[PDB]
Amino acid sequence: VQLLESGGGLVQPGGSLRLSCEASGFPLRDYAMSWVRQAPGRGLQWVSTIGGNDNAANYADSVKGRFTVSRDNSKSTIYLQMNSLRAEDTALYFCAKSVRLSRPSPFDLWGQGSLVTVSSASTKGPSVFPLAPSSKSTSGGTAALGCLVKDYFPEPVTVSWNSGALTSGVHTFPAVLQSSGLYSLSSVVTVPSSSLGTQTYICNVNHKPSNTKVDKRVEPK
Amino acid sequence: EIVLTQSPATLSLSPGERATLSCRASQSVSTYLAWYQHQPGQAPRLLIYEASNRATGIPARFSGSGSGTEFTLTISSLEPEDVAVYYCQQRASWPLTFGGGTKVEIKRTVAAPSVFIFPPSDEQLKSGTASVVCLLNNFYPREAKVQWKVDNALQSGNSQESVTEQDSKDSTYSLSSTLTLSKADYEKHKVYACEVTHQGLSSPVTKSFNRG
């Protein structure tokens with residue numbers, strides 16, 4: 001069973017945005033469905049619930065009159081249509097399935113989250129630079145290498161290595177907000193020094209708000 | 001609303017230890033109380049519902065108790081994968097509410113960082129900026145002092161750090177410190193050095209390169 005969310009991204013303050021959550025592996029019509037959000041650095045907040053019929057909706061006070069929750073059982077999808085957005089609405093939005101139809105929780109399945117960023121700043125794709133391993137007579141038996149992903153807005157960026165074939169030893173750091181208002185992060189991996197002449201290392205960088213996809217080869221020297 | 005207050009806000013204990021997490025409600029919620037685990041950047045997971053009922057597929061080390069206004073989540077023997085924020089949640093009344101969370105940290109044995117330093121790439125220098133990166137890899141505890149020196153002058157105000165979440169299998173951290181300079185400033189100086197102080201190191205360790 002899965003909940004697949006879509007619709008996240010950058011939206012202007014005062015703007016509207018619709019999130020959707022598609023059920024797979026269970027009949028949507030049989031369960032109450034909810035939206036729960038996590039603002040940056042804060043906890044979980046319930047936003048809305050829809051029961052079996054479109055008219056059985058409940059809302060947090062701070063979204064009543066602005067947000068509408070609804071369902072289309074024929075398409076196995078739940079929706080959250082948002083209006084008049086403000087910075088306080090910036091958050092990771094989860095959809096959540098109830099164990100039953102007649103009560104809104106416990107929430108026994110949650111979507112992966114869609115990030116909604118409410119801001120007037122423009123989208124900007126990152127520049128990708130190599131963090132090259134040391135390959136000299138004098139370096140050690142383990143090599144570190146990486147990619148620096150600099151100057152992008154909004155979050156998020158995702159990074160993989162070798163199209164996902166390399167996972168062990170990878171660390172992708174949380175982004176930092178720079179003085180410029182743009183984000184930057186690095187992704188690193190440790191590998192055997194003996195592999196550097198033999199094995200290609202490529203970081204795969206995706207920034208969907210800017211339709212940026214970058215494969216960068218990271219080599220010694 | 002029914003306010004849920006969790007304590008302690010943070011809890012640091014070693015694998016194998018018993019962990020007791022508290023949730024207090026401002027008015028009775030009967031047994032209409034559930035518990036969720038949230039591990040970094042994964043979807044939340046139901047652990048306990050109806051105050052005491054273990055959800056399907058959840059390990060037996062997790063248990064819940066209580067009623068009315070006082071509830072507890074117990075992890076009888078902690079495992080490294082239990083690093084997470086844990087939340088309680090009531091369904092007695094609208095609005096549905098959550099507590100503020102208890103962050104559980106796994107207290108492993110001391111591990112010194114493996115330190116690496118990276119010069120700026122030639123590609124970046126074309127842009128007019130130079131980023132120098134120092135990596136502290138796979139260490140515990142989280143506290144670490146990183147100092148940048150350029151031609152043996154201590155730098156202040158021109159670096160930013162980032163730290164990973166605790167690893168779910170080995171409970172270590174990694175940390176990056178990025179020094180940002182003008183290309184012109186970078187090309188003026190020769191020796192770039194990151195000095196690391198950490199409880200796992202008997203004396204500070206320095207990694208350096210010479211520009212060129």
# chains A, B, ... in the order shown; residues from 1 in each chain; ligands from 1
call {"tool": "select_by_dssp", "arguments": {"residues": "segment 73-197 of chain A", "states": "helix (DSSP H, G or I)", "output": "count of residues only"}}
result
12
call {"tool": "interface_residues", "arguments": {"of": "chain A", "to": "chain B", "cutoff": "10 Å", "atoms": "only C-alpha atoms", "output": "number ranges by chain"}}
result
A: 36, 42-49, 58-61, 94-96, 103-113, 127-134, 142-146, 148, 150, 169, 171-178, 184-190, 221
call {"tool": "residues_around", "arguments": {"residues": "residue 195 of chain B", "least_positions_apart": "6", "cutoff": "9 Å", "atoms": "only C-alpha atoms", "output": "PyMOL selection string"}}
result
chain B and resi 145-149+204-208
call {"tool": "residues_around", "arguments": {"residues": "residue 214 of chain A", "least_positions_apart": "6", "cutoff": "9 Å", "atoms": "only C-alpha atoms", "output": "VMD selection string"}}
result
chain A and resid 127 to 128 203 to 207
call {"tool": "write_last_selection", "arguments": {"atoms": "N, CA, C and O atoms", "output": "PDB file, in the first residue's frame"}}
result
ATOM      1  N   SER A 127      24.501  25.396  -9.236  1.00  0.00           N
ATOM      2  CA  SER A 127      25.745  25.049  -9.911  1.00  0.00           C
ATOM      3  C   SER A 127      26.359  23.869  -9.165  1.00  0.00           C
ATOM      4  O   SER A 127      26.270  23.792  -7.937  1.00  0.00           O
ATOM      5  N   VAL A 128      26.949  22.931  -9.899  1.00  0.00           N
ATOM      6  CA  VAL A 128      27.473  21.707  -9.286  1.00  0.00           C
ATOM      7  C   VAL A 128      28.979  21.663  -9.503  1.00  0.00           C
ATOM      8  O   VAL A 128      29.445  21.719 -10.648  1.00  0.00           O
ATOM      9  N   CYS A 203      27.977  12.045  -9.535  1.00  0.00           N
ATOM     10  CA  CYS A 203      26.874  12.476  -8.690  1.00  0.00           C
ATOM     11  C   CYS A 203      25.732  12.950  -9.576  1.00  0.00           C
ATOM     12  O   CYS A 203      25.956  13.646 -10.566  1.00  0.00           O
ATOM     13  N   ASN A 204      24.513  12.520  -9.243  1.00  0.00           N
ATOM     14  CA  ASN A 204      23.315  12.842 -10.018  1.00  0.00           C
ATOM     15  C   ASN A 204      22.507  13.840  -9.196  1.00  0.00           C
ATOM     16  O   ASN A 204      21.996  13.491  -8.129  1.00  0.00           O
ATOM     17  N   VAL A 205      22.388  15.073  -9.683  1.00  0.00           N
ATOM     18  CA  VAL A 205      21.787  16.162  -8.915  1.00  0.00           C
ATOM     19  C   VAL A 205      20.496  16.599  -9.594  1.00  0.00           C
ATOM     20  O   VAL A 205      20.500  16.947 -10.781  1.00  0.00           O
ATOM     21  N   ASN A 206      19.394  16.606  -8.841  1.00  0.00           N
ATOM     22  CA  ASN A 206      18.102  17.019  -9.385  1.00  0.00           C
ATOM     23  C   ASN A 206      17.512  18.141  -8.543  1.00  0.00           C
ATOM     24  O   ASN A 206      17.450  18.041  -7.311  1.00  0.00           O
ATOM     25  N   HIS A 207      17.083  19.210  -9.210  1.00  0.00           N
ATOM     26  CA  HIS A 207      16.414  20.331  -8.556  1.00  0.00           C
ATOM     27  C   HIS A 207      15.135  20.571  -9.334  1.00  0.00           C
ATOM     28  O   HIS A 207      15.159  21.269 -10.342  1.00  0.00           O
TER      29      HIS A 207
END
call {"tool": "residues_around", "arguments": {"residues": "residue 125 of chain A", "least_positions_apart": "5", "cutoff": "10 Å", "atoms": "only C-alpha atoms", "output": "PyMOL selection string"}}
result
chain A and resi 149-154+157+182+206-213
call {"tool": "closest_residue", "arguments": {"among": "A:33, A:85, A:3, A:114", "to": "residue 71 of chain A", "atoms": "only C-alpha atoms"}}
result
A:33
call {"tool": "atom_distance", "arguments": {"atom1": "atom CA of residue 80 of chain B", "atom2": "atom CA of residue 141 of chain B"}}
result
14.4 Å
